Amino acid sequence: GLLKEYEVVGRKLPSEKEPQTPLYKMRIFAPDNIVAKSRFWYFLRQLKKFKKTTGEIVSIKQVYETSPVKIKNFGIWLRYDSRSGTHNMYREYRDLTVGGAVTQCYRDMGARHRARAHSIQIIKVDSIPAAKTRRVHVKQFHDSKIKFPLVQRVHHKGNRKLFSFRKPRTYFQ
Amino acid sequence: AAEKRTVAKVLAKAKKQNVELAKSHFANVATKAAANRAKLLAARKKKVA
Amino acid sequence: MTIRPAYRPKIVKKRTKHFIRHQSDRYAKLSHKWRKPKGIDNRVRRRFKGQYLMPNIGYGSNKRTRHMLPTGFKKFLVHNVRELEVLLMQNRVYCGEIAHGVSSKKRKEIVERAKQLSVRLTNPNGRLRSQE
Amino acid sequence: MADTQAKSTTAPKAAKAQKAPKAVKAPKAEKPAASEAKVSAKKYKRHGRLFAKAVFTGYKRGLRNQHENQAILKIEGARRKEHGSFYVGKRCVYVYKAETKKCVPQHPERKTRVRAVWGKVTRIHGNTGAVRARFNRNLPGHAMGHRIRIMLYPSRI
Amino acid sequence: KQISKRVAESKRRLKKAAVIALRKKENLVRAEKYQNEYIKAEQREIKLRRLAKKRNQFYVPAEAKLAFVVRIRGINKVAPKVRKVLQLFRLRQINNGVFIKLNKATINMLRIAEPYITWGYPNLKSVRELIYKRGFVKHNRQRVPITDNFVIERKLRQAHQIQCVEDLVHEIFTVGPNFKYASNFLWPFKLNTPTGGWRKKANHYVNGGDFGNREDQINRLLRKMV
Amino acid sequence: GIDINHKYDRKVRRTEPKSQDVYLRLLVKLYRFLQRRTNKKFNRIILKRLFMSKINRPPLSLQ
Amino acid sequence: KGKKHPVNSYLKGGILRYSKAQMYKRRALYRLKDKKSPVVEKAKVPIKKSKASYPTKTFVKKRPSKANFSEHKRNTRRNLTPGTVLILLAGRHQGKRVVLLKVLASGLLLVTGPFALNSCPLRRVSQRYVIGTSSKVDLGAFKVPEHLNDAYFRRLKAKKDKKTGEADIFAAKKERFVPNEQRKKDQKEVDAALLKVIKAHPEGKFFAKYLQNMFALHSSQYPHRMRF
Amino acid sequence: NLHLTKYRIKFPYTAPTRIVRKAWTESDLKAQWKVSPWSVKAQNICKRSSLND
RNA sequence: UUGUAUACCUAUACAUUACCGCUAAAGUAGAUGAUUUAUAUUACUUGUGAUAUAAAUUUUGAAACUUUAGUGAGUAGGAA
RNA sequence: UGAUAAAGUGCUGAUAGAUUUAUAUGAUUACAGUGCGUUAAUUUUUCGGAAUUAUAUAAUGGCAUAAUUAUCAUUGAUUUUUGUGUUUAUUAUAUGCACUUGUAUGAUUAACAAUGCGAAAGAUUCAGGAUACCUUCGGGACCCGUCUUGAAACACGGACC
C-alpha cells in the first residue's frame, strides 16, 4: 500500500514478582495497524526477550507528518537480505511525508535489488537538510534555480478516438 | 431532528433572498419557524401546576 | 374449448429433448433409448464436458403438472362405452383417449357419449370412415 | 472538503429548488472569469434516435465455456464505464430478414418479411463501455458482427 | 362440549393478545436499557483514554471477547486436527460464520484452524446486521428464519431470559452468562461472498491478506457479506 | 460443499409392520390414532411393538 | 375535528404518529347507534328473497378463479413540468417535438403538437417514451380545462353490427374512426392559447414557430453526452 | 497531468501561499489569461460542449 | 522483469429464489341432524351464548393427504 | 484539513425472480391505518384547513445528593443493588361502535391499457416446439468394451446387420 508510521509500545505483562516492566517503543512503518503489531514483535524479538503471548501491546498510535507541504530529503538507514547476502545501505529520497519516502524506498529496493519486502529492516529515517546529503540523484534538485524543459504526457489508449483524424504530435512550435 | 436541521439551513441560506413566509418553498420552513410560539405556551402556561 | 381444466396451470418443462444412448449414432444396432454406460473409462459416465447428458432426477417434472397433456388434462384410456362413464365426474381433470384397437363401429358411440358427458377426447375423428 | 461534500456536486438542485444547498457553477466554464472543471467524460458516436448502434460481438463467456443467455454488445461511441451505463435498462432489438410468413397482412401489409428479437440491457461489462443484454429468444451467433439497436426508451432523462 | 368451546377459546384468545401486547411493551423498555448500555460504554472509553493522556499514563483498552469467525476455504485437502476444529466451531462450508468467545481454550483452536478461517472483533452494527438480515435459528434440529420475536422467545424464555432480538444481540455482543445458548441457538451464518472479493485466501492477513485475525477489519468484510 | 452424511442419517427402524395381516394393521390404525392423540408412551410401546417380527416378540409363559 | 394524520408517506419508518396522536381522548362521546342491519333476510312481502341455491350443489369443479386483487397507487414522475418541449421517442408520432400541458392522475402526460405545427393532437404519452428536453415555454396563466382527463378520448366501441345478434353479416365495415367534434373543438381552444404563447418569444428553430422539424440523430453524435 | 503556459510570475522558491497570491495580482494574470490566444479556444470547446437540442 | 495501485473478467464454489428427489421431523381422521361460516329469534352484560330458519367443503388408493427443514460426486460393491 | 466509525441517514437510478388448486379434509387470522366523535385556550395559511398547550398512571434518561457494593489508580476515577426529592427531557398504556378498492395475503404479485373474436363444416392472432432432418453460426468435443497405478493409445477385441 502506502505505509504510514506508528509508535508501537510494549511491556512484558508483569507477573507479581516484577512490578512495572520498562516499556520499550518503536517507529514502525506498515500499511495498517494490524501489521504494525507483528512488526513490533518481529523487531523486538531481536532486542528483548518477551514474545507474544508473554507481552502486551500498549498504545499503537499513528504519526501524521509534522509538515506535509515542506519539502525535504529523507535518508533511510536500511539493512536487507540479498541472495548471498545481509548488507547495509543508506538510501536518500526526496519527498514531503516520511511515510511517503519509506514507501519510495520499498519500491526502489524491489526494482534495483529484487528485494521482496520481508528482507528489509529499516534502522533509521531522518530529514537531513542539504550539504549533508550525498546521493547525487538527490543533489540534482538542491539548486535554485532549476529549469528542465518537459517532455511528458498521457496519450490515451485507445482514446476518446481510437482511429484518430488528427495525429497527436509530441512537440508543438 | 433531520427535518429540523433542514429548516435551520433553508432559513440561514435565504437571508440573501428572504421572500416569504407563505406556502411554496417556505411552508416546510416558515411554518415551523413560527411554531416556536406554540412552545411559548409550554414554558408560560404550564407553570400553574 | 370443451371443458378445459379447473383454472389450468402454466406447464414448465425441464428439458424438451429426450435422452440419447451413447454411441447410438455410430451404430445402427444401438437404439437411442437411454442405457447407463458402465464402462470403466466411459467419458459420458464420468460426465465429461461436451458429451451427451445423463438423466438424473433433477430433470423431474413439477408434481402439479406431471403427466399433464399440453391441453391441461391427464390422460385416461377408454376401451368401451362404460369405461367412458367413469369420466362423468373427472372431466375437469381428465381427457379420454380411445384405445387403438377399438373398432370404428364402436368408436362412434364413444365420441357420441363424450359430448353428453362433456369428456374431451384426445383422439376424436380417428378410424373414421367419415361416411355412411 | 469531504466536509464540503454537500458543495461539490451542488449546482442544479439548488437551481430548482429542492432544499437549496449551493447553486454555483462548476461548469467546464465557457464563462471565462473563473474557468475551472474537468472536461469530463466524452466519447461521441452517433447513429441513434431509435436504432443507436450496437454490434453483437459475442456471448458472455469465459475462455472455454460460453453462457449464451447474456450477450456482449459494443455500442458505437461508448468506451468508458460512464458511457456504457446510459444504455442500462433500455430496450434492444436484433432486427433482420426472412422470407416466409405463416401470417397475413392482418396489421401492416406483410409476408412477415422482417423479424425482430427484443431484449433489455441489463448492466455493463468492462471498463470501456461494453454492455450486457438479455434477449427473449437467444441470438443465433451468425448475428455476431451484425447490428443491434439500442432504443432510447424505457426512457430516463 | 362445543357449548363450552367458545367459552374457553375466547379467553384463551383474550389472554393470548394480552401476553403479546405485554411483551411488546417489555421489548421496548428492555431494548432501551440495552441501547443505553452501549452508549455509556463507548463514552466511557473515550473518557478513560482522555483521562490517561492528561494523567500522563497509558490506557490499555480491554482485550477482546467475541470473535466472529468465517470459514473461507475448501472442504478438500484438509488435515484431521484442523478438520476437527472446524466441526467443533460449526464451520463446515465456505462463508460460514459463527460467533465465538475468546478464552484461551478457543484461541489455541483458532491457531490450529488458522489458514482456513478468518476472524476479528465485531461492532455492534455487525452484530445486528448479521442477526437481522442473516440470522436463522434452530428449532428442534430444523432451521427456522426469524420473522418475529416468537421464534426466539419460545425457546429461550423459560430457561434463559431471551425473548426479543435485541436480547439475543445483547448476550452475544456484551458476552453474557447465557452466551453458550445465545450462539448455539443460531444456525451458522450462511454468508454471501464479498463484493470485490478477496485478497489472497492463502496468505495471512498480515502478510498480504486473508486468513487469521483481521481484528477490526472483520467489520468491513461483513458489509460485503451482509 | 458441506459435511458429511453417511449414516445412520437414514434411521433403520420400522415404520409399518412387514405384515399383510389385515387384523394386525387395523390395530396399527387404532394405535397411531391412540399414540398421536393420547401421547402416552404406553401407546407408543404398543404401536412400535406391533410392528415387530416373530423374533423381538417372543412368547411368554402362563407361569 | 382533526389531528389524526398519517404523515408517513415519505420518510417512512419514523412515521410520525404514535408519539403524539393518542393524546386527545378525554373519553369523547363513547356512543353507538350502529344497526345490526336487518336487510339481509329471507324477507317476503310476498317476494321470498331468500335467496336460492342455484348450482352450488355444484359443477364438478374448481371452476376458474384466480387469487385476489392488490391495487394501484403511488404515481411518481421525473421532474418534467409543463410546458417543456418533449421529444416523442416512440409511437406513431416518433421524432416530433411536442409540448407538455399537464400530467394525469395516472402518471401520463398531456401533450399537444400544437396541431397547427406538428400535426400532433391532444393525446397522451407515457413518460417512458419521452425525452424531456431543456426547452420550456412559459405558460404563466394557461387553463388546461378540467374535463381533460383519463376517461375522455378513451376507447369505445365496436358493435360489429348494430348489436343485432348472432347472424353472420357480410363485408364493408366502417367501425370507429371519428374523431368527435368536441374532440376537434378542444384543440382550437388550447392551440389558440398555445400558438399565442409559442409565438410570444424571440423565435428560433422551434421556439416561436419552427417546432415542426422532427428530431433525428445524425453523424458524430450520442445518446450519451447529448444534453437533449 | 500538467500542461505548461507561457507565464512566469516571480516569487521565492520557498514561499508560502500568501506570497504566491500576492504575485498573481501584480502580474495581472487573470485579465491576461482569459484573453490569451487559446484560452479563447478553451471556451469554444466549452461552448460546443454538450449543446442543448 | 521486480515492487505496488485501482477498475474489471472468470467456475459445477458461495448467497437468494423456482422445481425434482432423498433424509429427518410434525400434523389430520365424532359425517347421526360431525365440524365450521355468513345471516335471521331470545336468555340478557354493554356483549356473548343457546334454540330455530337461510349455501356450500369434507367417505384424504389410513400404502392417503397436509406442514416444515436440510441435503445431492462415485468405480468395486450392497440395497430399495 | 484527511482517515476510521455509527445513525431506514436519507435519496436516486437500475437487474433477475413472485410457491401460491384461501379446506379435491380446518377460521382470511390478529395487527395497524382511514371515515361522525364533549371541549377550552394558543397560533397559523386563511380552503373542505393545519399545528400546539391543557388529563391520569407507569417508566426511562439528564441533573443534585444521600447510601450501598466493588475495583484500573487513588488529588480521584470507574462500578452493583438503592433511596428520595431536586428536577429538567423522552417513551408506553388509558382509541369503543359501524364501515372501507390501506400488512402478514399468514414462500403475497397483483393492477391499468393495447393486440387478437376459440367461424355451423373449415380461417386468423399470439406464444411455443433438435418431431426425424435439412440451412446457418459460436462454444464444447479423441473410441468404445477391457485388464491396469495409469488407455485416445504405437495394449487386446470390435467391418456391418
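See the values below:
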item	result
Amide H within-cut-off set for residue G:102, under 5 Å, with H built and near neighbours excluded	G:110
Nonlocal amide H pairs with residue C:72, under 5 Å, H built at 1.01 Å	none
Normalised contact order of segment E:173-226, rounded percent, pairs of Cα under 8 Å and 6 or more residues apart	31
Of G:215, C:77, D:18, farthest towards positive along the dipole that unit charges on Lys, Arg, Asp, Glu beta carbons give the protein assembly as shown	C:77
Chain D: most fluctuating residue of D:82, D:68, D:30 per GNM, C-alpha cutoff 10 Å	D:30
Across D:19/G:12; C:63/G:62; A:147/H:34; B:9/E:25, pairs whose alpha-carbon gap is larger than 28 Å	B:9/E:25
Whole-Hz couplings from phi, Karplus 6.51/-1.76/1.60, listed for segment A:143-151; x for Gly and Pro	8, 7, 10, 8, 9, 6, x, 8, 9
Dipole magnitude (debye, nearest 20) for segment G:12-140, charges at Cβ of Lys, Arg, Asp, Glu	1220
Cβ neighbours within 10 Å from other chains - mean over G:74-86	1
Farthest positive-ward along segment E:56-114 dipole, Cα basis, beta-carbon charges - from E:82, E:110, E:57	E:82
Relative contact order of segment D:73-118, defined on C-alpha pairs under 8 angstrom at six or more residues apart (%)	32
Built amide H within the under 5 Å cut-off of residue E:190, gap 5+	E:97
Coordinate range along principal axes, alpha carbons of the protein assembly as shown, Å, largest first	123, 113, 100
Surface/4 of the Cα convex hull for chain A, nm²	16.3
Residues E:166, G:146, A:56, G:203 arranged by fewest to most Cβ contacts within 10 Å	G:146, G:203, A:56, E:166
Candidates E:22, E:156, E:91, ranked by Gaussian network fluctuation over chain E, Cα under 10 Å, top entry	E:22
11 Å beta-carbon shell around residue A:71, net charge (K/R +1, D/E -1)	+2
Distance between modelled label sites at residue E:73 and residue B:28, nm, 7 Å Cα→Cβ extension	5.3
For chain A, size of Cβ-based charge dipole, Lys and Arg +1, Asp and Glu -1, in debye	860
Average Cα contact separation per residue, segment A:1-140, under 8 Å, 6 or more apart, as relative contact order %	25
Residue order, fewest to most surrounding Cβ atoms within 10 angstrom, among D:88, E:165	D:88, E:165
Cα lying deepest toward the dipole's positive end in chain A, options A:171, A:93, A:54, charges on Cβ	A:171
Pairs from A:51/E:81; C:108/G:163; D:13/G:184 whose Cα-Cα separation, in the structure shown, is over 29 Å	C:108/G:163; D:13/G:184
Chain G: most fluctuating residue of G:211, G:11, G:88 per GNM, C-alpha cutoff 10 Å	G:11
Largest-first ellipsoid semi-axes for segment E:144-226, taking √(5λ) over the Cα gyration tensor eigenvalues, angstrom	32, 15, 10
Whole-number Å³ per residue for the convex hull built on Cα positions in chain E	164
Bins of 10 Å, starting at 0 and running to the largest distance - Cα pair percent for segment E:48-182	11, 34, 32, 17, 6, 1
For G:81, A:103, order by how many other beta-carbon atoms lie within 10 Å, fewest first	G:81, A:103
20 Å tail of the calculated P(r), segment D:22-138, as % of Cα pairs	57
Cα-centre dipole for segment A:18-109 with unit charges at Cβ (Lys and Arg positive, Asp and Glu negative), debye to 20	200
Phi-based couplings in Hz for segment F:54-59 (Karplus 6.51, -1.76, 1.60; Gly and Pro marked x)	7, 5, 6, 10, x, x
Using θ = phi - 60° and Karplus 6.51 cos²θ - 1.76 cosθ + 1.60, couplings along segment A:126-136 (whole Hz; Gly, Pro as x)	10, 10, 6, x, 3, 6, 9, 5, 10, 4, 2
Residues residue F:13 and residue C:61, FRET efficiency given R0 of 35 Å [Cβ-Cβ distance, rounded to 0.05]	0.65
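Read the figures in this text as sums done on the coordinates, not as results from a lab. For neighbour counting, all protein chains shown are included, and Cβ atoms are generated from backbone atoms with ideal geometry for every residue, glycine included.
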